[PDB]
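Worksheet: one structure, shown below.
Labels below follow one simple rule: chain letters A, B, ... track the order of the sequence lines, proteins then strands, and each chain is numbered from 1. Only heavy atoms go into these numbers, but all of them, side chains included; no hydrogens, no water, no symmetry mates.
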Amino acid sequence: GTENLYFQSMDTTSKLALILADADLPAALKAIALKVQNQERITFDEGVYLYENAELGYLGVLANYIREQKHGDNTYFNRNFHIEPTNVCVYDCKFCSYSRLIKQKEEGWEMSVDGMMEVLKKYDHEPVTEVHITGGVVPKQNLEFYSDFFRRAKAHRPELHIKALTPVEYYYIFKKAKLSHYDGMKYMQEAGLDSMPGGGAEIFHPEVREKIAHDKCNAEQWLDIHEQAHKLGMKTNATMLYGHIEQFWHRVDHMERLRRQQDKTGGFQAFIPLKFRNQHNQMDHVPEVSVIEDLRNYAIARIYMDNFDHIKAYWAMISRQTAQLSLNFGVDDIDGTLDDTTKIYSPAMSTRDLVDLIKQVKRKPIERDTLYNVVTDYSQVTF
Amino acid sequence: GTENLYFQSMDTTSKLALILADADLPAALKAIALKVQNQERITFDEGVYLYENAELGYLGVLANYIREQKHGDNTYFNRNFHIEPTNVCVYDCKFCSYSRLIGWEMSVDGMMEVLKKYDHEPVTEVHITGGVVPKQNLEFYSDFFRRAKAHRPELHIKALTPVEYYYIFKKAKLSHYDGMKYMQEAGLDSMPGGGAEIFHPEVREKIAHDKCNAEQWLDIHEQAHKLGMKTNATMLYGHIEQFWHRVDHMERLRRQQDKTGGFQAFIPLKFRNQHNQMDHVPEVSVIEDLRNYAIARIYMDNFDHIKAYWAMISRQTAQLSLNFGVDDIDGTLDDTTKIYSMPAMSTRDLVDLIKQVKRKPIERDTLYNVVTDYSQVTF
Ligand code: SF4
Ligand code: SF4
């Protein structure tokens, strides 16, 4: 007929009404669709039910309804850069190339505070607004190391926002320094820490965590360090590593613990699915999941995580097509390090490239501030 | 895969670029898609090639690109009413229930009594069409136009086709130019698009044997255009004609528009086999209706508007047509509340139909300027 074409042509609100009026839709899926229409929270069991039963089309109707209700077409990005203090690590995560079981200390490097400051100064005449600091955990890079770096960075470039380190790092540094998590985070904030990134969550459930990330900080510890950051007024993000050896209920359990923490302390801005990759780690024969599973996962994340403003995708972590399609399955925040530089003396994402990627799937490219206000609306900007 | 989903998700410009970069698309279809990207006219044989070869998806990419280039999301409708002077006719069209080979007649007083029923309605146009009969002659219609303009000067009169004008001017011994000039002076403002059927003699001699021919139809529009009148054009499709007859029809309109420029809208009219002498001719599919809208948009590069009547076709078809080249949706709006009561399209119903396919409902006036932009209204 033209039935599929007509459904595809409907506005977001009409699509959800059409699903709710479909006599053939199983009752479980109608009840969940009705919750979404009413901005009601879905349960753990409903989350599992979506992962086990829901088709991509259905999930896109719900997730996109939420994404447009919260953000309209806005698709946010900012101008950041990275410093990696070390590319080796004391811990043994089976999905990570820096695991002490696959990479000896001699096969990598550990920056000094001087070296980190030399990297930071390369960006002095760049319109970056924040630096992201993440990497391995090593004994020389302790409380004094990081606090000295934050103080030197703020002395040199006061206006540069520092988004640095995960609870995996903070648990290790605060245990050795004999500070409580609160007093440790307070000390780092005073030194110049502004916010935290979302890494190190992996999967919370011990059934999975004991297998893939057995020796670094546990879920209670990870959530506790975010709780203390939130009590100090800091913003943070949260991740979930998916599509490896976990079961769908392990994903919903993960998201449930995050959702309860957000209801307690309110400090998370973005939820960030991280797709497992089977290259250069101890999990080389674990198959990666399909683009369809990536998109069902973004959608279910959008539906489940009702108290997180943003769902973030990293353009360098997924294909161009997956990143663009994700903007229709719940994603409103697209991230990575923008690179307008030209190689001299001879795959970067320029601002023009990213703006065109976003406009190609009918979305509105927004350069944001740290609280997701509009700094530049690129929608009618021509280059 | 997500290949189909990815294509469906692209903006208008990017979907056209995606077709042009498709290695498996036939060369001939890539060449036409490139002409559309370059705003280059497609030729008669390219038009026939699209009817004979092109798939709906492809044709939606090209037609929607043109439609959005010209109009963006604008979807136009006006506020009009109809008078039907007679449902009897002297002619023999095999697709028409009024054919003499298978009734009432209004007086000028009767037509004026109908017009006066709309005195308190904000209608911008009256549309007048129907059968051709000898009592409804030049003198009859000029009397009506003068009475209508005297009663309601700002009511635009969009009245009668060349089928009617050819008959009344031949009887009055006026040239087409002098007759249209006379009717304009009496109060005619514009002509609707009917009576075009299919121009090619191979088809027209069979389906509309007695009424004016293509030359006479085009000439009466030409005289209208020279007098500053805007007019529309139709094409009756989906009956016994071949696709090349449709392209021939469009080509004659396209050439006439290049010459005189007075056409505003091109209006495909779907053949129906109910209550006529073509009652065994099979009707074409909704997909063929949408391919036909799309090819009309691509071919008719010098027509501003492609129009669908919401009543001619399903709700669903009219909505889909807005994505296959249609910018202009027509019919008689009815916002009246029935009092003393024991289907009709309201403005609200039409606005909801347009917004449901992500388009901008513009209630427009005779100059295609805004009366109300319903994209800025919440009911
Ligand atoms: S703790 Fe972080 S860097 Fe170290 S092995 Fe695990 S994931 Fe890699
Ligand atoms: S001239 Fe018009 S009204 Fe008369 S039979 Fe033909 S189509 Fe019908």
Side-chain angles (χ1 to χ4, degrees), chain A residues 1-18 21 55-61 64 67-68 72-73 75 289-299 318-329 331 355-365 379-380 382, chain B residues 1-18 21 55-61 63-64 67-68 72-73 75 284-294 313-324 326 351-361 375 378:
Chain A
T2 55
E3 265 191 283
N4 291 321
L5 177 62
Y6 180 73
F7 186 86
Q8 293 159 23
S9 306
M10 294 283 97
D11 71 88
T12 299
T13 301
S14 298
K15 278 191 248 265
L16 181 55
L18 279 191
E55 302 284 353
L56 184 63
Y58 166 92
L59 285 176
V61 171
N64 187 57
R67 174 271 208 257
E68 295 186 351
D73 286 332
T75 305
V289 298
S290 64
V291 171
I292 292 166
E293 285 308 291
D294 296 322
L295 296 177
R296 293 208 317 119
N297 189 72
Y298 280 121
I318 57 188
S319 78
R320 170 197 188 78
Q321 288 195 6
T322 301
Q324 286 174 306
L325 286 179
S326 77
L327 305 185
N328 293 341
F329 289 90
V331 174
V355 166
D356 286 352
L357 176 154
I358 294 167
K359 288 175 162 176
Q360 186 162 71
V361 287
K362 311 177 195 180
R363 292 299 184 188
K364 184 190 306 299
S379 58
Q380 299 86 29
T382 40
Chain B
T2 52
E3 227 204 348
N4 179 215
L5 179 57
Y6 182 72
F7 170 77
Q8 295 161 28
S9 304
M10 296 280 100
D11 78 350
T12 299
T13 296
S14 302
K15 250 177 143 174
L16 184 56
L18 200 165
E55 291 195 271
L56 179 65
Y58 168 98
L59 288 171
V61 171
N64 192 49
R67 173 272 206 260
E68 292 186 357
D73 293 324
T75 310
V284 300
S285 68
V286 170
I287 289 161
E288 282 307 292
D289 293 324
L290 295 175
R291 296 204 315 115
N292 187 73
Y293 281 120
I313 57 193
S314 75
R315 169 157 215 282
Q316 176 167 328
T317 306
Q319 287 176 299
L320 282 173
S321 81
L322 302 188
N323 292 340
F324 291 89
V326 172
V351 160
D352 286 351
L353 174 161
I354 293 169
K355 289 183 172 183
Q356 192 164 51
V357 285
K358 305 193 257 184
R359 293 300 186 180
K360 186 201 294 164
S375 81
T378 60

Minimum heavy-atom distance B/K355-B/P361, with the two atoms named: CG-CG, 3.8 Å
Give a yes or no answer on whether the side chain of B/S321 reaches the backbone of B/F324 with a donor-acceptor pair at less than 3.5 Å. no
Let me know if A/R320 has heavy atoms under 4.5 Å from chain B in its side chain, its backbone, both or neither. side chain
Contacting region of [X] [heavy-atom separation from chain A under 4.5 Å]:
{"X": "B/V286", "answer": "side chain"}
{"X": "B/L5", "answer": "both"}
{"X": "B/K15", "answer": "neither"}

Basic-acidic side-chain contact under 4.0 Å: A/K362, B/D11: no
Would you say the side chain of B/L320 lies within less than 4.5 Å of the side chain of A/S9, judging by non-hydrogen atoms? yes
